[PDB]
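See structure below.
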Amino acid sequence: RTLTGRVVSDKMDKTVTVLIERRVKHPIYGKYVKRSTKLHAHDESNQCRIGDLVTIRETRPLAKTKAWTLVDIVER
Amino acid sequence: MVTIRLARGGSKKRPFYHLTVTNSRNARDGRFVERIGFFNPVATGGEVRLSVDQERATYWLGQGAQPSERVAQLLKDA
Amino acid sequence: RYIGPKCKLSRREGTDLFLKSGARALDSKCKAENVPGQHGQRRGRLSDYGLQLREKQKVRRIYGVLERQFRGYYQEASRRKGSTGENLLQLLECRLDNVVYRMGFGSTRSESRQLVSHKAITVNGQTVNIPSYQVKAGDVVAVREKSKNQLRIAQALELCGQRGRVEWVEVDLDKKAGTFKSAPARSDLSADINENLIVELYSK
Amino acid sequence: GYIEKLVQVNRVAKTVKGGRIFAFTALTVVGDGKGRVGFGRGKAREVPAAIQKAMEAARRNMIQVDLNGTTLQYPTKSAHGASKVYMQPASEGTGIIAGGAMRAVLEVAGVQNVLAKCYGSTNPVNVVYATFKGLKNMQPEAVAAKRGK
Amino acid sequence: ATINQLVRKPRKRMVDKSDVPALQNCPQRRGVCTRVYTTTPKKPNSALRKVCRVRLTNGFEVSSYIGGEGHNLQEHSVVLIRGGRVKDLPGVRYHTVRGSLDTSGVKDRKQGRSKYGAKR
Amino acid sequence: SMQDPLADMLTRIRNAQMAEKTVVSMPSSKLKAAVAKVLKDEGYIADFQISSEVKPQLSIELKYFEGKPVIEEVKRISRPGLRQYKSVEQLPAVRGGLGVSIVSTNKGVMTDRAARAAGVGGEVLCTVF
RNA sequence: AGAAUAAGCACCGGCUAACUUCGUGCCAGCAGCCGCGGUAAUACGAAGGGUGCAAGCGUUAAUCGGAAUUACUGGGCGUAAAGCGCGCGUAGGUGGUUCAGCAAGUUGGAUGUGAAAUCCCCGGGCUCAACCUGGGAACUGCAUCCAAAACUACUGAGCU
RNA sequence: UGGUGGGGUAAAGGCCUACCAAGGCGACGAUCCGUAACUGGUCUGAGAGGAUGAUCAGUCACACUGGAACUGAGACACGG
């Protein structure tokens, strides 16, 4: 219930996209690779700038390609 | 529609039943909700007749499932 | 089962095979002094894989077994846990084709395999007619009560202490009924086989 | 050892200005049933002498392979030239499951469940080399560690 | 070749192309004889062999070898094709099977009767 | 450049094992010092010798057998590239268990015998055999 | 009632331990790799015998295998195939050194599952085997949860 | 691709809509191009795997071809 990513684009109101990165293993190659995942997060008040770190929550979808809202700015 | 029902496994001229809990939306031998214990009317030495467990059989009668016609008079063998 | 004339099969091996036709001898009139085939007045190059063949192609020619049936019996040796060679000849001695003669109701396996198909040898009060039943340690072995005055059953009771006792059964000669006591190990067998060298004819 | 096993014959030629004269080399191994393996071949004209001109050095260079008793010491990683050899011990019931020249050297050592392999070159001239360097460094206890385990 | 370079561009197993352009994973494929004629073997041997040209029902123009020691495949037969590459004949990879539909069968041919088309 | 601290020490002693030198000195870390302490307890080396000055160094005193010395090879498994994070059920019994198979865990950079009887797996570091 | 109603196929030059001749003569042909046939043919056509395993035996086709012959396990590159002619360096891969912190990767346990089938063992039954099921085993997986801090990333102050 | 006003679906949602802004996707392979139902599984394999989806079971999809609703609890309905 906690997904964390760094802010990469904020030029739209009430909506922000982050890179929820991870590092997981390749199945037949063994080397742990990074796999970037670019979610969309909904902001209620639009207070997130590029380079911020946030956590998010799942609910009913807020738009097309958006089903995750803003919980809290963890750090900056 | 929810129903406890005899369902043919086994071989031809070799009946074996499962007593599936089904939906009556599916076939006899596919997509059962639950298998409670079996039946075997070709039961000979060493083979138990029916593995009817009343721990789960209460629940579908409690949640509203029905015997078909024969399933009522397998519970009458108790 | 293999059929036909059988004096010509006693010549390739050198052993008596327990394949005969009477009650006095074997390879004593059917001229066993050579190595047959197409042309066999000369020998040469008698070595490993063709010997591993002549091992299994002897064991095939004794026990009434086909390679449909016999290389499925190597399949249970790996299904057996450990010691695959002697555990092959376990099921050839839980075989009923051999143990009618290992008791001695028939003259050979060629009369043992035959009469059990002719509804003679029951197992445990049932009606079994297969030459492949797997006798457990501790059933009776009886004869159906219409082949008792079959007198070629009485033409086999003379070789009990003449082909030697097996010392693994306890039989009643008056009833013509026996009892298989237990399974053998590799001390109760004839020493003409190589049990873990039939095994080596599996990968090549 | 008297439990010799022939590995390979191979028909060698060489040329004189008169013509081609042929010679036979033949490699055999010699073990004792308990683990002293040897190597060698001979250069002669004929078949039945080139296997006992192999015995000329096969009883020589015999070294006691440090067995455990019917089972090999370790999973093995070994090589000579362009041949590489893998081995590992087996448990109880399987017999000879090595191949070609690997079943000759690993059957005269007293171990029977062998499970040996050939990688790189398959030349039996250089194959029997990597097998004995697989058996030259066997030790259950002969490490200099001040500990039994 | 390294594991980094494997995640970038993995090792593709190269496919083996099949030997028969026709017989598209089919054990037999019927044809119609365009031309039967005579062909010489390759140089270290010498003989006279008789091959056929067929159009198949896949519409393909390949040569099949009439494997008999005698045949009446009279220029428009309905011959059936197996694979297998005859070594001494260059460039051809098919055989006409014997006793199929219009292939009459080799005279006596008293051993291997399942090969060269003989009853009993 | 140098890219791995402890693979640089595990190479530099093996060519000294086939050379005639005894005391090996290199600029060392705590990572290389925690590895060195466990195999002197397995009878392979002795007296790791933190120099305890600025630019601290390790003087590992490796023992000789008569002729060929005690450690044939040290095979790196988890190098830095493919780094072999392995569980407790899948620990390598290297040479029948005569390799001690040191595996970095939370409660200690420790051999495979104590890694299984107190079950934590992780970085399977190197062959010690 | 009575042996009356039942066997066939392919090969036999090699590395397959099934291995005389008769006809044919670089002809006719066979064959998977070598090859065989150019006049005593164990290689090709019969007969004459064996042998493979059997109501099936063979060969056409397709799949994986041996194939370390796409090598993560587990390969290569001076001359066999293979180092761009070499730089600056973007993403990226990996990153000297110490304490502390985080708990993403890593590690253990917990719980829901991972449907049933199939498979793997113990069985029960068909007179036996298939087949049939009962019991479990298996399902290396997935997220959640708490516990761990040697190492990696990340975070901060540094050390040369 | 977002934002709100409304409109609408049994139900969230540019799904539909007007207007406001210039965002969105993509070198971890977008878009285009060729190919194919998918999976439990199956077959060869020491395993890793590789090949693979006939009977069996789950889900999907279609009903001469295409568009479309209607009725109904449930369809954009194989013998409507």
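Naming works like this for the structure tokens: A, B, ... for the chains as they're shown, residue 1 at the start of each chain, ligands 1 onward in shown order.
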
Shell of 6 Å around range 86-97 of chain E, only C-alpha atoms (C1' of nucleotides), local chain residues under 3 positions omitted, as a ChimeraX atom specification: /E:41-42,63-66,80-83

Keeping only N, CA, C and O atoms, write the selected residues to a file as a PDB file, in the first residue's frame.
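The resulting file, out18.pdb, is reproduced below:
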ATOM      1  N   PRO E  41      25.547 -39.826 -62.951  1.00  0.00           N
ATOM      2  CA  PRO E  41      26.000 -39.618 -61.570  1.00  0.00           C
ATOM      3  C   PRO E  41      27.152 -38.626 -61.484  1.00  0.00           C
ATOM      4  O   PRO E  41      27.528 -37.962 -62.452  1.00  0.00           O
ATOM      5  N   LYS E  42      27.714 -38.532 -60.280  1.00  0.00           N
ATOM      6  CA  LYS E  42      28.883 -37.697 -60.042  1.00  0.00           C
ATOM      7  C   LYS E  42      30.157 -38.470 -60.402  1.00  0.00           C
ATOM      8  O   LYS E  42      30.214 -39.698 -60.288  1.00  0.00           O
ATOM      9  N   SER E  63      12.641 -32.201 -58.429  1.00  0.00           N
ATOM     10  CA  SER E  63      12.921 -33.495 -59.039  1.00  0.00           C
ATOM     11  C   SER E  63      12.846 -34.595 -57.990  1.00  0.00           C
ATOM     12  O   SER E  63      13.315 -34.415 -56.860  1.00  0.00           O
ATOM     13  N   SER E  64      12.248 -35.723 -58.362  1.00  0.00           N
ATOM     14  CA  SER E  64      12.153 -36.900 -57.514  1.00  0.00           C
ATOM     15  C   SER E  64      12.728 -38.103 -58.248  1.00  0.00           C
ATOM     16  O   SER E  64      12.580 -38.240 -59.463  1.00  0.00           O
ATOM     17  N   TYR E  65      13.362 -38.995 -57.495  1.00  0.00           N
ATOM     18  CA  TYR E  65      13.979 -40.171 -58.090  1.00  0.00           C
ATOM     19  C   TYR E  65      13.013 -41.346 -58.083  1.00  0.00           C
ATOM     20  O   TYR E  65      12.458 -41.716 -57.047  1.00  0.00           O
ATOM     21  N   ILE E  66      12.826 -41.931 -59.257  1.00  0.00           N
ATOM     22  CA  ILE E  66      12.027 -43.136 -59.422  1.00  0.00           C
ATOM     23  C   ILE E  66      12.918 -44.291 -58.987  1.00  0.00           C
ATOM     24  O   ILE E  66      13.815 -44.718 -59.723  1.00  0.00           O
ATOM     25  N   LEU E  80       3.727 -40.253 -55.682  1.00  0.00           N
ATOM     26  CA  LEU E  80       3.784 -39.751 -54.317  1.00  0.00           C
ATOM     27  C   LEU E  80       5.231 -39.636 -53.862  1.00  0.00           C
ATOM     28  O   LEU E  80       6.086 -40.432 -54.254  1.00  0.00           O
ATOM     29  N   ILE E  81       5.491 -38.640 -53.024  1.00  0.00           N
ATOM     30  CA  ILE E  81       6.842 -38.172 -52.769  1.00  0.00           C
ATOM     31  C   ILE E  81       7.203 -38.402 -51.305  1.00  0.00           C
ATOM     32  O   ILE E  81       6.432 -38.105 -50.388  1.00  0.00           O
ATOM     33  N   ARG E  82       8.396 -38.953 -51.091  1.00  0.00           N
ATOM     34  CA  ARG E  82       9.036 -38.923 -49.785  1.00  0.00           C
ATOM     35  C   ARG E  82      10.296 -38.087 -49.908  1.00  0.00           C
ATOM     36  O   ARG E  82      10.663 -37.640 -50.997  1.00  0.00           O
ATOM     37  N   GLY E  83      10.956 -37.876 -48.781  1.00  0.00           N
ATOM     38  CA  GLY E  83      12.225 -37.184 -48.789  1.00  0.00           C
ATOM     39  C   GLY E  83      13.394 -38.145 -48.855  1.00  0.00           C
ATOM     40  O   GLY E  83      13.271 -39.320 -49.207  1.00  0.00           O
TER      41      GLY E  83
END

Q.
Need to verify the contact set: range 27-40 of chain B, 9 Å, only C-alpha atoms (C1' of nucleotides), exclusion of same-chain residues closer than 2 positions in sequence. Can you return it as number ranges by chain?
A. B: 2, 5-9, 15-25, 42-43, 47-54, 56-57; G: 116; H: 57-58

* Would you mind writing down, as a PyMOL selection string, each residue of chain D that DSSP on the backbone assigns to strand (DSSP E)? => chain D and resi 5-15+20-29+36-37+63-64+76-80+83-87+119-120

Include C-alpha atoms and write out the residues we just selected as a JSON list (two decimals), in the first residue's frame.
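result.json written:
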[["chain", "number", "residue", "atom", "x", "y", "z"],
["D", 5, "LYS", "CA", 41.86, -51.87, -20.06],
["D", 6, "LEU", "CA", 42.55, -51.10, -23.73],
["D", 7, "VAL", "CA", 41.63, -47.52, -24.68],
["D", 8, "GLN", "CA", 42.18, -47.06, -28.43],
["D", 9, "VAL", "CA", 44.06, -48.34, -31.45],
["D", 10, "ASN", "CA", 44.80, -45.86, -34.25],
["D", 11, "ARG", "CA", 46.50, -46.59, -37.55],
["D", 12, "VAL", "CA", 49.49, -44.26, -37.88],
["D", 13, "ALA", "CA", 51.28, -43.63, -41.16],
["D", 14, "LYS", "CA", 54.56, -41.96, -42.16],
["D", 15, "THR", "CA", 56.23, -41.65, -45.54],
["D", 20, "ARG", "CA", 54.17, -45.20, -47.09],
["D", 21, "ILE", "CA", 55.14, -47.36, -44.13],
["D", 22, "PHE", "CA", 52.39, -47.92, -41.57],
["D", 23, "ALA", "CA", 52.73, -48.22, -37.79],
["D", 24, "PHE", "CA", 50.35, -48.86, -34.91],
["D", 25, "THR", "CA", 50.17, -46.93, -31.67],
["D", 26, "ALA", "CA", 47.74, -48.17, -29.04],
["D", 27, "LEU", "CA", 47.16, -46.70, -25.59],
["D", 28, "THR", "CA", 46.14, -48.90, -22.67],
["D", 29, "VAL", "CA", 45.70, -48.21, -18.98],
["D", 36, "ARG", "CA", 46.95, -47.30, -8.95],
["D", 37, "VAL", "CA", 46.42, -46.16, -12.54],
["D", 63, "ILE", "CA", 50.25, -43.66, -8.56],
["D", 64, "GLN", "CA", 47.86, -44.58, -5.73],
["D", 76, "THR", "CA", 35.79, -32.41, -10.29],
["D", 77, "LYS", "CA", 37.04, -29.56, -12.48],
["D", 78, "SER", "CA", 40.02, -30.50, -14.62],
["D", 79, "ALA", "CA", 41.75, -29.94, -17.96],
["D", 80, "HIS", "CA", 44.75, -30.78, -20.14],
["D", 83, "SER", "CA", 40.22, -31.34, -23.24],
["D", 84, "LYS", "CA", 38.24, -30.48, -20.11],
["D", 85, "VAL", "CA", 36.71, -33.07, -17.77],
["D", 86, "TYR", "CA", 33.80, -32.84, -15.35],
["D", 87, "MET", "CA", 33.05, -35.51, -12.72],
["D", 119, "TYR", "CA", 34.51, -31.09, -22.83],
["D", 120, "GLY", "CA", 36.56, -29.21, -25.38]]

Exercise for the section: Excluding range 167-177 of chain C and residues on its chain fewer than 2 positions from it, collect all residues at most 12 Å away from it, counting only C-alpha atoms (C1' of nucleotides), and give them as a VMD selection string. Expected result: chain C and resid 93 99 to 106 120 to 125 137 to 151 153 to 154 156 to 158 160 to 161 164 to 165 179 to 185 187 to 189

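If only C-alpha atoms are the atoms counted, then among A:76, A:66, A:40, A:25 the closest residue to chain E is A:25.
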